[PDB]
Amino acid sequence: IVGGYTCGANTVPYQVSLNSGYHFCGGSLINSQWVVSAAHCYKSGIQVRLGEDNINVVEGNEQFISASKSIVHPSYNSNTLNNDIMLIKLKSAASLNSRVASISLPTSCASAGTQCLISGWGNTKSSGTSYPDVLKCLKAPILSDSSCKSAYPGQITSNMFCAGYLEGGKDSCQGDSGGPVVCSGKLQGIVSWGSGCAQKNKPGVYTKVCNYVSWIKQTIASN
Ligand SMILES: [Ca+2]
């Protein structure tokens with residue numbers, strides 16, 4: 001998160017860290033046994049860390065649970081990043097409480113102008129590299145599709161949407177991938193890609209979760 005602020009311990013209870021001996025991607029807890037993340041975050045041997053704040057220190061409330069299986073959308077294309085969504089089933093059910101809670105799936109696509117909360121432990125620098133210990137947050141608006149397609153000609157599909165600032169200075173970054181974009185208490189996006197970080201006229205691109213509600217529900221029901 002570039003140009004953001006410190007969320008505060010456990011203020012984003014649905015936020016998860018995907019770990020393989022180090023933090024590599026964010027994720028969202030949608031129920032006691034399932035996490036939604038980005039398909040490009042996939043890899044064998046994933047340990048989902050819940051209730052995290054400082055990801056380098058064990059301070060209480062954390063829950064480390066191994067992924068029993070990661071389900072990458074069958075139509076995910078690594079070259080275009082279309083269908084950048086992945087379902088992760090936990091080996092055992094997570095303990096839901098004040099610090100650890102699931103986020104609701106959307107019942108409709110959010111409209112442009114809607115304010116959303118983006119969060120993660122990704123890079124905080126536009127040019128350099130500086131990874132934070134504690135969870136960072138960012139309030140950003142969903143941009144219109146015309147502005148989005150204008151920023152990335154021929155790269156935006158119906159399964160993507162832009163969010164952020166065209167002036168630059170505020171955006172999600174490396175490490176934030178797979179993280180939640182929450183608007184009005186609903187998971188509308190997943191940190192997917194962009195051209196650099198917090199660069200002007202290059203807003204962040206996110207996976208349009210509202211286009212996958214049926215798929216998510218159907219996949220979960222058969223697994
Ligand atoms: Ca910790």
Side-chain angles (χ1 to χ4, degrees), residues 12-18 25-42 46 48 50 65 67-78 80-90 93-94 96 100-120 137-146 148-149 152 155-164 172 176-194 203-223:
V12 193
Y14 51 88
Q15 173 80 239
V16 317
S17 172
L18 301 188
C25 276
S28 300
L29 188 68
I30 58 170
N31 66 221
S32 73
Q33 291 196 77
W34 292 87
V35 172
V36 183
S37 183
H40 79 276
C41 283
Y42 174 82
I46 292 176
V48 185
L50 316 165
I65 303 175
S68 57
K69 55 156 58 187
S70 296
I71 305 181
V72 167
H73 194 285
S75 299
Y76 164 66
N77 184 327
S78 52
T80 57
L81 287 188
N82 186 212
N83 296 126
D84 196 13
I85 175 170
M86 173 178 74
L87 289 187
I88 302 186
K89 191 183 184 186
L90 303 179
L96 299 172
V100 183
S102 53
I103 189 63
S104 296
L105 288 179
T107 62
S108 64
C109 297
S111 63
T114 304
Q115 223 62 208
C116 312
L117 177 64
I118 311 167
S119 47
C137 276
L138 178 67
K139 294 174 292 182
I142 294 168
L143 307 176
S144 63
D145 290 331
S146 71
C148 186
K149 294 188 174 185
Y152 303 104
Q155 301 168 71
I156 303 298
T157 64
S158 62
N159 300 313
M160 301 172 197
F161 72 84
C162 289
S172 54
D176 292 322
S177 301
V181 176
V182 172
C183 334
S184 301
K186 261 70 172 180
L187 181 53
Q188 291 282 156
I190 297 164
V191 182
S192 182
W193 62 280
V205 188
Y206 303 85
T207 305
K208 193 172 181 181
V209 179
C210 61
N211 282 5
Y212 302 94
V213 178
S214 291
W215 178 78
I216 289 176
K217 288 176 65 180
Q218 290 178 147
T219 304
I220 288 179
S222 55
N223 283 282

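Worth knowing before you read on, the calculation uses all heavy atoms, side chains too, and leaves out hydrogens, waters and symmetry mates. Sequence positions, counted from 1, serve as the residue numbers for this chain.
- Residues forming a side-chain contact (heavy atoms from CB on, under 4.5 Å) with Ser75 (at least two apart in sequence, or on another chain): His73, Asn83.
- Residues satisfying the side-chain contact (heavy atoms from CB on, under 4.5 Å) test with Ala94, not counting sequence neighbours, are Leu50, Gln63, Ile65, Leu90.
- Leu117 approaches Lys139 most closely through the heavy-atom pair CD1-CG, 4.3 Å.
- The nearest pair of heavy atoms linking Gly178 to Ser37 is CA-OG, 3.4 Å.
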Atom pairs and distances, side-chain donor-acceptor, residues 182-193, under 3.5 Å, sequence neighbours left out:
residue: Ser192; atom: OG; partner: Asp84; partner atom: OD2; Å: 2.7

Report task. Just do the side chain to side chain contact (heavy atoms under 4.5 Å, CB included) check on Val205 and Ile156 with the steps written out, would you? Result -> CA-CA 8 Å; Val205 188; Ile156 303 298; 4.0 Å; yes

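- Side chains of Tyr14 and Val100 form no contact here, defined as non-hydrogen atoms less than 4.5 Å apart.
- With sequence neighbours excluded, the residues forming a side-chain hydrogen bond (donor to acceptor under 3.5 Å, both in side chains) with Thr157 are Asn82, listed by chain and number.
- Partners of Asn159 under the side-chain hydrogen bond (donor to acceptor under 3.5 Å, both in side chains) rule, at least two apart in sequence or in another chain, are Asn211, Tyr212.
- The nearest pair of heavy atoms linking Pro180 to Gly27 is CD-O, 3.8 Å.
- Rounded to the nearest 0.5 Å, atoms CE (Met160) and OG1 (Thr80) are 5.5 Å apart.
- For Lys217, the side-chain contact (heavy atoms from CB on, under 4.5 Å) test picks out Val213, with sequence neighbours left out.
- The side-chain contact (heavy atoms from CB on, under 4.5 Å) check on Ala163 picks up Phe161, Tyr206, with sequence neighbours excluded.
- Residue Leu96 comes nearest to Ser32 through the heavy atom pair CD1-CB, 4.2 Å, listed as atom of the first residue, atom of the second, then distance.
- When every heavy atom of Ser70 is checked against every heavy atom of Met86, the shortest pair comes out as CB-SD, 4.2 Å.
- Residues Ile88 and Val16 are not in side-chain contact: their nearest non-hydrogen atoms beyond the backbone lie 4.5 Å or more apart.
- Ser119 pairs by the side-chain hydrogen bond (donor to acceptor under 3.5 Å, both in side chains) definition with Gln15, not counting sequence neighbours.
- Shortest non-hydrogen contact noted between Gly164 and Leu143 is O-CD2, 3.6 Å.
- Counting only heavy atoms from C-beta outward, the side chains of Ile30 and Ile220 approach each other to under 4.5 Å.
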Please report, to 0.1 Å, the donor-acceptor pairs under 3.5 Å made by any side chain of residues 102-116, with sequence neighbours excluded.
residue: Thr114; atom: OG1; partner: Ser111; partner atom: O; Å: 2.7

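- Judged as a ring-ring contact (aromatic ring centres under 6.0 Å, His included), and not counting sequence neighbours, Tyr42 has no contacts.
- By the ring-ring contact (aromatic ring centres under 6.0 Å, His included) test, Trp34 is found to be paired with no residue, residues two or more places apart in sequence or in another chain being considered.
- In this structure the side chain of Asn223 reaches within 4.5 angstrom of the side chain of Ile71, judged on heavy atoms.
- Residues forming a side-chain hydrogen bond (donor to acceptor under 3.5 Å, both in side chains) with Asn31 (at least two apart in sequence, or on another chain): none.
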